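Residue numbers (the deposited numbering), protein chains in the order written: chain B, 3 to 343, 368 to 525; chain A, 3 to 346, 369 to 525; chain C, 3 to 346, 369 to 525; chain D, 3 to 343, 368 to 525.
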Amino acid sequence: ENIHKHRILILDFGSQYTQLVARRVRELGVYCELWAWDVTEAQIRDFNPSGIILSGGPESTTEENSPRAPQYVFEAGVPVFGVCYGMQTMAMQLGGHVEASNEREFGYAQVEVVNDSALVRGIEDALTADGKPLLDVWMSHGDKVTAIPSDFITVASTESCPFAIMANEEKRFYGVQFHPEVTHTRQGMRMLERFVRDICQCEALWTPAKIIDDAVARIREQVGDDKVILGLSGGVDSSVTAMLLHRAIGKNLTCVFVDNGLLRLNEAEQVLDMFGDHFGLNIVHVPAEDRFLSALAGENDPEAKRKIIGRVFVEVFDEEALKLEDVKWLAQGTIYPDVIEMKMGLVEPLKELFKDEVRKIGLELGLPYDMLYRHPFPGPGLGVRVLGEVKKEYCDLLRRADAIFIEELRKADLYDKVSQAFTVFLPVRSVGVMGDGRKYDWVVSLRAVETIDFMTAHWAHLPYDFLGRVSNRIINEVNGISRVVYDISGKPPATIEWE
Amino acid sequence: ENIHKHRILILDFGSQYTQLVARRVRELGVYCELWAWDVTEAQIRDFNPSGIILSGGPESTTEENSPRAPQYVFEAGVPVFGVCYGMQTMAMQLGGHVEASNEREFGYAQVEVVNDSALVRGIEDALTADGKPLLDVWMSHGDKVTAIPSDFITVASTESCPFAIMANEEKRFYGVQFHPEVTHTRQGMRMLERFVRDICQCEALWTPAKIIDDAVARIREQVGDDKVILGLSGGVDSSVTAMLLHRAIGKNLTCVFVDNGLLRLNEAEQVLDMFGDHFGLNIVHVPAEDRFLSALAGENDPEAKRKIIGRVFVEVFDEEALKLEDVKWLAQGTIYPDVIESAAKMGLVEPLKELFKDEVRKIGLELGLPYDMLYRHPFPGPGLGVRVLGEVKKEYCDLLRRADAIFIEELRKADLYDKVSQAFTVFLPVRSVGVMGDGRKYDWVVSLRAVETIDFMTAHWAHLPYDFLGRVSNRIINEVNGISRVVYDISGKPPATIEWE
Amino acid sequence: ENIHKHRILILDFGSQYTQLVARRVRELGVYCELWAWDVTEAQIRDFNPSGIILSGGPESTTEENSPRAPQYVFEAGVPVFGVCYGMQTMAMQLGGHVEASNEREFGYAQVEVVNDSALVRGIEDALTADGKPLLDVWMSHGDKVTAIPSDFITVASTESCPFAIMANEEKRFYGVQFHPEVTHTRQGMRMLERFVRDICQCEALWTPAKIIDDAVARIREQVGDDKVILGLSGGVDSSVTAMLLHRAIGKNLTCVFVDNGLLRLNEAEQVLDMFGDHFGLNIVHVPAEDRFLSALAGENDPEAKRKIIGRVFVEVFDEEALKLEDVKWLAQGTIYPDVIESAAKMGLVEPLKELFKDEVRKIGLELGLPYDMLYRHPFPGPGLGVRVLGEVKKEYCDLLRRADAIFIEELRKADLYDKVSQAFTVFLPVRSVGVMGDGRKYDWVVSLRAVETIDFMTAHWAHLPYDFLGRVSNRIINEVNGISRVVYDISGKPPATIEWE
Amino acid sequence: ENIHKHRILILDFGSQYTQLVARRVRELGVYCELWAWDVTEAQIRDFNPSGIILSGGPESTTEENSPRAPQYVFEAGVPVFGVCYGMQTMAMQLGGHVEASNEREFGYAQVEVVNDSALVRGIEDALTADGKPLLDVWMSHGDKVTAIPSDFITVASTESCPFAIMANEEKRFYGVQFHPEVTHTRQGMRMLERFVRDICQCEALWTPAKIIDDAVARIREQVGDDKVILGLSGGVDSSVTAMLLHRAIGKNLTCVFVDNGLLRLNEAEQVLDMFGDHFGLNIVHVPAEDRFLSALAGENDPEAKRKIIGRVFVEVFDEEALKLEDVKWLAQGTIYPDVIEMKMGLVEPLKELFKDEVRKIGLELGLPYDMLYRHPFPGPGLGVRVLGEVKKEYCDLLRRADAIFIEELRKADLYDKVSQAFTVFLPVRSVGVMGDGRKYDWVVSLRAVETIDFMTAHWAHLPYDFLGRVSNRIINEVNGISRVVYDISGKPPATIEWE
Ligand SMILES: Nc1ncnc2c1ncn2[C@@H]1O[C@H](COP(=O)(O)O)[C@@H](O)[C@H]1O
Ligand SMILES: Nc1ncnc2c1ncn2[C@@H]1O[C@H](COP(=O)(O)O)[C@@H](O)[C@H]1O
Ligand SMILES: [Mg+2]
Ligand SMILES: [Mg+2]
């Protein structure tokens, strides 16, 4: 009945969708872990998985140096699901044949189900002209599975792929050549569920409410009646951590909030108000705007500024951490993605969770929706949003302008449309407004992206009229700003942030 | 395990969203019934609700004979949740005072939580300047509630609405002046869940899987070993009914499928093949195209065409029912909304009578049906009989099937199919200079029709992308021999109707 | 000054732009005529041109007995300007060479000027670092000119075309492989002007004002004091003819306006009131709606309908004519293109026989006619008779006549009228359901047709804005009792036509 | 022949359209001058106008000290034509009644001709249902004319404006409440032609060819055989001035071209090659890049930079003037709008001309179309386009980056779609090309506006496709640039240029 009882082991062969697969299983209410393919029978059997999923991977199975699944995987006695590369490698290691091809395929297709299988019985999206089941899927196949292991049957086929789905109903081995984890596969979720809950027989115990109970229980057994310290950044991870700890150990939790004077408009106030006033947490608020600024004085180098900011934060925190008596633990908002890729113990209650799961438990814990589902803010904050040397004047101008930008983005039902959106301050002067009495004022640049790939972002084609409303506002109401420009650079060639 | 044990009762005061409240509760996994507000205590006691919800309504509690909830509602000893008007009448009937108002608020607002309540505890959408809780809601208040009953407390307020949420935690009576059932209320579902699951303590047993098992058990007990007949139209309700009846009684089910020559391209083949060959259902196939067409020969009045098609259908179905022996029951795909509306030799088996259409589709999926068939835009009863203007002729019917097929194929490829409530083609018996190739001096015309239905009285013509429109237009004229021109319906509802006949 | 004195002769080799060449010369204020390439030295000598232009053409000089310019063209002693094929025939006839090739070219290019010429001197769109003038031109060449006559020089060149402009300055022979008559050649009008005004030494005497004075003179000379009759149709040619004659002979002119009941909203009265009340012309108004509709009753075929309307008009007009005494002349609004095309009891007066349509419009304005009437998109001769598909009934005419007025009013009200080539409404003889407020169920349908002409063979259905369309259909259905629905034609040309029938 | 014999006097009451009115009169082939309304009778008399036009103006005849046409205007014996406020003050001053209104009308309307007038006889755009004459006009109704002088007749009316056109055929006074100079008024031009040519009896002698002859004759009369010096900039006005002077005095003209180092890519070469070789002009080339940069070094204030550049140019030019023997005249390309807005005499051949007229005569004199119709280039060049300190290094990077921008615009057929288009150099750095490129390069901004009024310019909504294409070119091609941004600031609140 422990929520980790039934679990899925997912072996990563390098696909870009592997974390997506793991996240989907979590969404279905089943715990799972994601490991690299190069493991041992020892590890695997130590884990004791209810079922194993082999992901996709860019490499070719026809290669001599190409990755394979540990033979124990197929000997463990639990269902296995191969996705693309996982399906190819499954064929290889079991008797099938595969040969390479220069041109690869990746896109929507409709496959026809020609045989009954536990995995897809009753799951059909469309019908052929003669009433045969078709599944709309998101294909992905490089190598050519020319033959499958003798034990298997052909479950589904399509023009560009005769073995679109293969299965061994007795051994419970299934392989597909499309991605069920991508929404393009219309009934993909339903296929993953079929395997995880029906075939592997896992109950849906991994739900936000149960995750919270388990976390609280664990924090209690680890920390007992000891005191814990935690740095509150105002961000998502540390905020949810603060709530979990507050729930588990109450008055033994002390939080430290360092105000470096590099945060957004009203950010410091809202953080202390919500946490200290509304929730009643004990917060040590350090007003260090001066300490950070004086340490940044005359520094134009971005590498340098970041280092300075990071160093001074540790000095301030360590100082405070030393003023507290009987503190035996440091709490941290570490999340699973981080794990995947004085002398105080370390408490990390979010360690097994994906960002999306953290938002869900955050809500259940009573945190505001808007704070949890907002765009990320860098660690150095406005320290890198201000090009060159950082002065208070600039930061004050910047947060006012960025506030207006964000206000209008949410108001224009556009905030959820962009992956990230910020304002950069340009240390240059141009002809200004007739009210400020300033001939020349400072300049700012808006930056909205659409991170298509983890390494490839697109510059947001924000509506012209929208941009014009924004531009007018920032120049009119934010005294000290003459004009506004918009970043029309993608990644590549440019980077998302300027520094 | 009785999936109907925990149940919610929803009294309708006339709100446009009442059925929507009922569907959210079914989505949450709890059985519920929707009734008119004018009921008796005896009826409520019979139902024995685990909780009660008083919907919104266009009326005013200040009016002399305005609707009111039966008083037993507040004496049943179960939780009560009043939405908008249901909140206003709860105030009035328990000691509060409402004030009449002509100007009414209906739109997005942020209310500030100022007191604790089991209803909204832990639910926050944003923060005020001092970090106090805010909820993003879809407000709706006509008259001005000026005083809540003495035993209640203000849970949340707003500028124009002093008492946005009121509660009597001891009695478990809550009233909100906004609609949690609409998506504009960011955490509305969570609030409905708080009420149905936590406060009313209802288990969530009303799921697609258990609903099927329940339906089957009921079918087996009511029909036993009798033979049952069903008219298979290929539509959603009859298709799901067929699958449920099949699972329950197997071989004792006989489906009668009548091909009236007014269905779409390959529709009759797909139905016959999927049902008979794929699923193994016992189907009596009646090829009746000629019989329907002859009957429609020379009829121009659409009012008459409708009457004819319906008339010939009953004849045919009856003729077939008479050829079968020992058939004691007639199965029908009647759904809950048909019953609610009707509330406003052979016995009858109605397996879907308690379900809303979205639930029917969910169970259809579980039963193995194709997604595209279940989520297909509605198709009129007399089919293409009302899609072909005036006299229906086989020639016109086959041309229309061809053009319609292209129009739908393209909509799907373009990810536009689900962007419209309905989309079809109408055949116009008018001449347009023929296409060089077809060899005719003149060919026919078809009109594309696509709308976004706002409500059952308002629908807007879809602003489909010009390139898409030119692509379809081109394909139809070039591919369907016999059609030389394509037009697009730019008439909305009102003043025009969705269908042309 | 005789405005016909200095004139240009244009030989037509079959280009779609030949009339455009002629129109541009007219715009430069010089009289010109367009003849077939197959003429004699004798005919050319009688005309005595100050210059000669050889137009483009789809044929090939390499083919046996292909078109050639009369050799007198190159011996006349006047400048000659050959355009595309005309330049190729120039090269072939004077000692150059052309290689056949089916790989044609029709598009934008920049030619580089490598030598001085009276034709391009001081005319350039840009310069090259090299120091050479550049001309942005609309190229067009199929066959490949491999050699120019030994006495010619290469004036300009481009990658794909080494001899883009050739010339013999002494003889004043010039040839280009681009069309300067199309606006795509930025400096084209400028080149044509250098040739016409500077090289051929032709002063600009052919202007609207002077054309009017010349026409009036010629009319008074021909008709003298006789009486003239003219049928007023409401169109451009007869209207300008009317005003011209009114100015020439005043009271001696009698106009006959036959009211066939097939005109637009308020048209017949505007004609009568403007020409009668405002300009004071003698107008015999002949009511003939009933005569036309009776003769149109039961007629469905478009070709038949066209024949009927034309027949009845001749009948009505001739009857009214015999009723008149002393009339010895019938005035007609024949324009130059009618004559050009034709090239393949009482006298006839035709004051517009030398003018192109755009010249007729310019003189109309000078004569005081309304701009909108003159620059109006084309209206068919049989009018509504063909816009009302099927049998022409008065009820239908009056319905179309109203729906169209609104469509047009809205186009103009939205400054969209000038953005389309043609725009009109078609009456569909099919009914539709819907009019809620009226309580009326089945009414007629109309189709809106708006296109953008790209070429004589190709036209695009206009991408008119959605809200403009919604506005129009809304007004139409609501303001025209009898119309329940409005559709919009989304058929391009090809595969479809502009007019329906 | 005297092409100045017949001329129209135009009195400006402050409308943005007044200059457009003068231009229309020149287009019709008649000479005219634009003056401010506040002149005396002696001045008007000295001008001896053939006709007088009274323009619009934002004011209202109702305010006490409101602009009034000088009384003589109505007593000169020549026709008078009032437009909008010009009509209003005409009504007022001659006896009609007008009355203030808070709101003002500006849009399309149709006015019905109710009476015959020399101004509108034979001019009609549409017909009423009764076949009565209508004119489609661009209505601009400010105050309300509630009455007209006793000797005037209503010529046209509209519901919302009873006195759309008023006339006194006897005295030849006409007033309209719409703008004939705008194309929205269908036959507006024919109305102006009717006034200027028929009613005023003015011949159309003000033509490009006749103006050229008149100019050459005046230059010769003013200069004789004296030598003339002219600064050749490569811009439209100096180029047309040089060609005029070349035609008038040949070899006696020496053009001095100063390369200040703040010019565009290959501009210097282009000017010399074109005017020197192609047109055969005597050019004195002055390479002064180092003299300008040294004087610009260190300086960062734009007001200071423009001043330095102007100073050093006079220094360089004067030095050369002194080196030349027998130079008695300095020729300048001053044009009419400028006027409306060892020592030697001035020769200003283009002083009476508007910019569009200068262009038509330029084409006549053989200059290329694209150079005559190119967007304006600031006298300070890249000096005010390289923000802050100007370094050759920055100007060099900018030319390449701007060359690509204009190259792309011309191709996409967008160049003639905007009034101005340039690139600005921002002295701020950003992260550069990944892997093999530079880590920290500079940033540049694109700027493209569509001028709506002299003090009003909208930022061009350039296509997203185009903007992306350009950003890419500049970044990867221009070595030293890493980010391209687009100025989204209209005017107001911002200016067109940055310095
Ligand atoms: N302003 C701050 N005050 C206190 N702790 C902070 C602050 N900023 C960052 N931290 C801590 O640094 C951790 C990492 O932040 P991030 O850089 O967003 O991953 C947060 O989870 C906090 O525990
Ligand atoms: N309704 C009519 N009444 C009088 N004359 C007409 C009428 N329709 C056509 N005509 C005459 O026939 C000529 C042919 O014009 P259309 O057929 O419109 O090109 C017109 O210019 C008139 O001279
Ligand atoms: Mg005609
Ligand atoms: Mg200048």
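Here a beta-carbon is modelled for each residue, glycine too, at the ideal position from N, C-alpha and C.
1) Near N505 (chain B), which residues of its chain fall below 7 Å by C-beta distance, leaving aside the five closest residues on each side in sequence?
2) Are any of the Cβ atoms in chain A nearer than 8 Å to that of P394 (chain B)?
3) Can you tell me where the beta strand (DSSP E) with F448 (chain D) in it begins and where it stops?
4) Report the option in B:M92, B:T336, B:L379 and B:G124 whose CA atom is closest to the CA atom of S240 (chain B).
5) Go ahead and pull the three-state DSSP assignment for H248 (chain D).
6) Taking only runs that begin and end inside the region 96-183 of chain B, name each unbroken alpha helix (DSSP H) of 4 or more residues, in chain order.
7) Using a Cβ-Cβ distance cut-off of 8 Å, determine whether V178 (chain B) contacts chain D.
8) What residues from the region 201-220 of chain A come within 9 Å of chain B, judged by C-beta to C-beta, listed N to C?
9) Please tell me whether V510 (chain A) has its Cβ less than 8 Å away from any Cβ of chain C.
10) In whole angstroms, what is the alpha-carbon distance linking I10 (chain B) and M193 (chain B)?
11) Using the beta-carbon of each residue, which ones in chain B are nearer than 8 Å to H280 (chain A)?
12) Near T209 (chain D), which residues of its chain fall below 7 Å by C-beta distance, leaving aside the five closest residues on each side in sequence?
13) So, helix, strand or coil for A438 (chain C), using DSSP?
14) If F15 (chain D) and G58 (chain D) are in contact, beta carbons under 8 Å, what's the gap, nearest whole angstrom?
15) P519 (chain D) CB to nearest chain B CB: under 8 Å?
16) Can you tell me the Cα-Cα spacing of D479 (chain B) and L22 (chain B), whole angstroms?
17) Output the distance between the C-alpha atoms of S471 (chain A) and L452 (chain A), rounded to the nearest integer angstrom.
18) Do you know offhand how far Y110 (chain D)'s Cα is from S162 (chain C)'s?
19) When you compare only the Cα positions, how much space is there between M191 (chain C) and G312 (chain C)?
20) In or out: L326 (chain B) buried (at least 16 other Cβ within 10 Å) or exposed?
21) Going along chain D, which residues have a C-beta under 9 Å from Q90 (chain C)?
22) In or out: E65 (chain B) buried (at least 16 other Cβ within 10 Å) or exposed?
23) Figure out for me which residue from A:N117, A:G124, A:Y512 and A:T148 has the closest Cα to the Cα of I155 (chain A).
24) With 16 as the cutoff for other CB atoms within 10 Å, does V457 (chain B) come out buried or exposed?
25) Just the chain B side, please: which residues come within less than 7 Å of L493 (chain D) by C-beta, in chain order?
Once the coordinates are examined:
1) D462
2) yes
3) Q446 to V457
4) B:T336
5) helix
6) none
7) no
8) none
9) yes
10) Taking the Cα positions, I10 (chain B) is about 15 Å away from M193 (chain B).
11) The contacting residues are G133, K134 and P135.
12) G31
13) coil
14) 6 Å
15) yes
16) Straight-line Cα distance between these residues: approximately 13 Å.
17) 7 Å
18) 50 Å
19) 41 Å
20) exposed
21) Here the premise fails: no neighbours, minimum Cβ distance about 28 Å.
22) exposed
23) A:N117
24) Per the 10 Å Cβ criterion, buried.
25) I514
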